[PDB]
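For reference, the structure is listed below as structure tokens.
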Amino acid sequence: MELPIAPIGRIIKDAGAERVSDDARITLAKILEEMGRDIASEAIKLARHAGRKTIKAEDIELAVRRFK
Amino acid sequence: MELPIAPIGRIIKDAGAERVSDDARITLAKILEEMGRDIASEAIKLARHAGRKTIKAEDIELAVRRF
Amino acid sequence: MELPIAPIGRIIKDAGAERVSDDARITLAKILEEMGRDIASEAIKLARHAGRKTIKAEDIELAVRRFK
Amino acid sequence: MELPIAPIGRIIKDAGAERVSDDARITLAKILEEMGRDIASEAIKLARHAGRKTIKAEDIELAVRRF
Amino acid sequence: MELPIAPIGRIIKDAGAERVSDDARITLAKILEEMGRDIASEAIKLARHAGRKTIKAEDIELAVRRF
Amino acid sequence: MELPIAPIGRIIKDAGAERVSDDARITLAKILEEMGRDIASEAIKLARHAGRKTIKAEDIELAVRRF
DNA sequence: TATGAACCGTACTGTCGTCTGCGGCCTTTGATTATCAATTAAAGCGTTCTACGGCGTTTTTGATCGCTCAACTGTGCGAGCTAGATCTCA
DNA sequence: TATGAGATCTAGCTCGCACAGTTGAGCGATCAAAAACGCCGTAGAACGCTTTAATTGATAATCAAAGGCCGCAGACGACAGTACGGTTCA
Ligand SMILES: C[As](C)(=O)[O-]
Ligand SMILES: C[As](C)(=O)[O-]
Ligand SMILES: C[As](C)(=O)[O-]
């Protein structure tokens, strides 16, 4: 669990939530981290397909146009 | 930009990336934050529909199954 | 409708079908052609992400590695 | 090899490809043929589950909802 | 949450678990219930495709093939 | 057969089934129980690998990512 | 990874509450026989679009070079994670 | 509407995110020889179309069976409250 809980809680709060449960925060944390991992994997596959070793923003933006 | 860059960089690195550009990190940050905001909004609408004011984990888990 | 109907009908026949409706054949034709177009499009985006303009088998296998 | 190569090449061309390798055409051919076989099999099982022996469009459209 | 927790806990116990967390029991409960709902839906689609209104064991056994 | 039939029947009913055969209920029961046993076993092996003896929800959530 | 150590947080015994399970009768739906049209297979026709090169040529993909740029030490001020009290919904 | 349940708030104690050069490396460039795709006219093997004709999938109606619903005795899942073996800290 690399992602911190507090900023995500602040996200849910900024979304319009009066009160936010810790379970919701941790859940959204694990979910967002999961999506991050998947998108990262796709971007890596893309960059590796592009003959490059460094992950650029292009790889992320292209990998994100395929769910998740 | 509520989400920090370093942990996300650690995510991309743990995914199998030898080197990661800062632009990629910031991009993935904005993307994850966007998804977070949207999902949070949906969960808020669900919980508000459920007669509750506090966002519980069920609201999140149900909201993510609406993408 | 780029794809011919008869070979696809022969595919359904080779699958184990005693009798095959024409509606089923044309339907499967439109479906397979649709899938083909989608996969081709994805492979094109992948190759275009690369330094190439020509679509190679790698692009096809990678686009099919992320589903139609 | 039930499927012809040329129409599929024309499909890739209609997708927006300037130049297309033969390997890509044959690969996409084998892939589309594979999917065709799988969907056909599923549709056959579907119709066989029913009181019919003939494969109708309904069976295909229902079998394709299994990816 | 239609499914009870205790029998599932007994399942995990019969699997070879010395001690079982309640979170694990509830998790496996919701998961198994989810799978049950999905399989039930598929079986319903199957029986409705078969021109019948009653869900028979055939529909379940065929719906569980997805897999 | 650790799992009860009635709640599963209520699941199939909640899925949209007008009428449900008892054979279908028992079948889905045995299926869900089977999946439960397999997933439980996998989770047990997972927890046994992690240096813990107690099965937590994490082990289940990781075991279900094998299907 | 090994030594403990404080503390979650289980297994536990036992009690209460609900839920299943089951046999009752009934109502509806499941196959089943029989009829009858829908339609799909089989063959044979004509015509098209396949597959196959031969060359001309766009396009790769080699190799080598500055060159931005990401990783990686160390630092300070920021940021989250925690513990406890108070209330606000659940 | 009564009560745990639990989320917000306050404060502070760390924790790791942010940052600034430094060093080294992967990246985009520059042409360049060569794989390799496109073009296109040719021979031919297909797809398509169509009528014969029989197998089939509906329709209709009668029969039997098989869930649904109701209600009851008994099973067992849920729920505190308490010693402790286990987990996750250091
Ligand atoms: C205090 As608020 C912005 O989470 O409603
Ligand atoms: C040759 As083209 C214009 O169909 O990509
Ligand atoms: C005693 As056991 C098989 O439930 O761990």
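In the structure tokens, chains take the letters A, B, ... in the order shown, each chain's residues start at 1, and ligands count up from 1 in the order shown.
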Checklist entry - Near residue 63 of chain B, counting only C-alpha atoms (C1' of nucleotides), which residues have an atom at most 6 Å away, once you skip same-chain residues fewer than 3 positions from it, shown as a list in words? => result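 Returned residues: residues 42, 43, 59, 60 and 66 of chain B.
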Write out the residues from the selection above, keeping N, CA and C atoms, as an mmCIF file, in the first residue's frame.
```cif
data_model
loop_
_atom_site.group_PDB
_atom_site.id
_atom_site.type_symbol
_atom_site.label_atom_id
_atom_site.label_comp_id
_atom_site.auth_asym_id
_atom_site.auth_seq_id
_atom_site.Cartn_x
_atom_site.Cartn_y
_atom_site.Cartn_z
ATOM 1 N N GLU B 42 -19.499 9.695 -7.446
ATOM 2 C CA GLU B 42 -20.498 8.646 -7.634
ATOM 3 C C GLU B 42 -20.888 8.007 -6.304
ATOM 4 N N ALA B 43 -19.887 7.717 -5.480
ATOM 5 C CA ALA B 43 -20.115 7.121 -4.168
ATOM 6 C C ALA B 43 -20.931 8.058 -3.287
ATOM 7 N N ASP B 59 -20.312 2.059 -0.466
ATOM 8 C CA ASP B 59 -20.603 3.087 -1.457
ATOM 9 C C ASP B 59 -19.488 3.166 -2.493
ATOM 10 N N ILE B 60 -18.246 3.066 -2.031
ATOM 11 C CA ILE B 60 -17.090 3.077 -2.919
ATOM 12 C C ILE B 60 -17.059 1.837 -3.809
ATOM 13 N N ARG B 66 -19.362 1.118 -11.506
ATOM 14 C CA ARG B 66 -20.100 1.953 -12.438
ATOM 15 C C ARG B 66 -19.128 2.832 -13.212
#
```
Item to check | Test item: residues lying within 7 Å of ligand 2 with only C-alpha atoms (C1' of nucleotides) and all ligand atoms, as a PyMOL selection string | outcome: chain D and resi 13-14+16-19
Checklist entry - What residues in chain E lie within 10 Å of chain G, counting only C-alpha atoms (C1' of nucleotides), written as a ChimeraX atom specification? => result /E:18-22,52-54
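Among the candidate residues H:25, H:13, H:84, H:76, the one lying nearest to chain B is H:25, with distances computed using only C-alpha atoms (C1' of nucleotides).
Atom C1' of residue 89 of chain G to atom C1' of residue 6 of chain H spans 9.1 Å [interatomic distance, one decimal].
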Item to check | Within-12 Å residues of ligand 1, basis only C-alpha atoms (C1' of nucleotides) and all ligand atoms, as a PyMOL selection string | outcome: (chain A and resi 8-21) or (chain B and resi 40-41+44+53-55) or (chain H and resi 8)
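Between atom CA of residue 8 of chain B and atom CA of residue 67 of chain A there is a distance of 18.4 Å.
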Mind dumping a table of every chain C residue within 9 Å of chain H, with the nearest atom pair and its distance in Å to one decimal, using only C-alpha atoms (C1' of nucleotides), sorted by chain and rising number, as JSON lines?
```
{"residue": "C:4", "atom": "CA", "partner": "H:47", "partner_atom": "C1'", "distance": 7.3}
{"residue": "C:5", "atom": "CA", "partner": "H:47", "partner_atom": "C1'", "distance": 8.1}
{"residue": "C:6", "atom": "CA", "partner": "H:47", "partner_atom": "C1'", "distance": 6.7}
{"residue": "C:7", "atom": "CA", "partner": "H:47", "partner_atom": "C1'", "distance": 8.8}
{"residue": "C:54", "atom": "CA", "partner": "H:37", "partner_atom": "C1'", "distance": 8.6}
```
Would you put the residues from that selection into a file with N, CA, C and O atoms, as a CSV table (one decimal), in the first residue's frame?
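Result went into out-v6.csv, see below:
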```
chain,number,residue,atom,x,y,z
C,4,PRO,N,-16.2,-12.6,-46.8
C,4,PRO,CA,-17.2,-13.5,-47.5
C,4,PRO,C,-18.0,-14.3,-46.5
C,4,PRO,O,-17.5,-14.6,-45.4
C,5,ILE,N,-19.2,-14.7,-46.9
C,5,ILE,CA,-20.1,-15.5,-46.0
C,5,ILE,C,-19.8,-17.0,-46.0
C,5,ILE,O,-19.8,-17.6,-45.0
C,6,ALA,N,-19.6,-17.5,-47.2
C,6,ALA,CA,-19.4,-19.0,-47.3
C,6,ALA,C,-18.3,-19.6,-46.5
C,6,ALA,O,-18.5,-20.6,-45.8
C,7,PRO,N,-17.1,-18.9,-46.4
C,7,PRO,CA,-16.0,-19.5,-45.6
C,7,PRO,C,-16.4,-19.5,-44.1
C,7,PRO,O,-16.1,-20.5,-43.4
C,54,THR,N,4.2,1.0,-41.0
C,54,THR,CA,3.7,-0.3,-41.4
C,54,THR,C,3.3,-1.2,-40.3
C,54,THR,O,4.0,-1.3,-39.3
```
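Straight-line separation from atom CA of residue 1 of chain A to atom CA of residue 33 of chain A: 7.4 Å.
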Next on the checklist: So that I can check the secondary structure, give me every residue of chain B assigned strand (DSSP E) by backbone DSSP, as a PyMOL selection string.
Outcome noted: chain B and resi 19-20+54-55
Item to check | Shortest interatomic distance to chain A - which of C:57, C:47, C:35, C:64, counting only C-alpha atoms | outcome: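 Closest residue, counting only C-alpha atoms: C:47.
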Next on the checklist: Which of chain B end up as alpha helix (DSSP H) when DSSP is run on this backbone - answer as a VMD selection string?
Outcome noted: chain B and resid 5 to 15 22 to 49 57 to 63
Checklist entry - Leaving out residue 27 of chain A and any residue of its chain fewer than 2 positions from it, which residues lie within 8 Å of it when counting only C-alpha atoms (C1' of nucleotides), given as a list in words? => result residues 23, 24, 25, 29, 30 and 31 of chain A; 57, 60 and 61 of chain B
Next on the checklist: I need the contact residues of chain H against chain B, so if you could list those with any atom within 10 Å, counting only C-alpha atoms (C1' of nucleotides), and return them as a list in words, that would help.
Outcome noted: residues 7, 16, 17, 18 and 26 of chain H
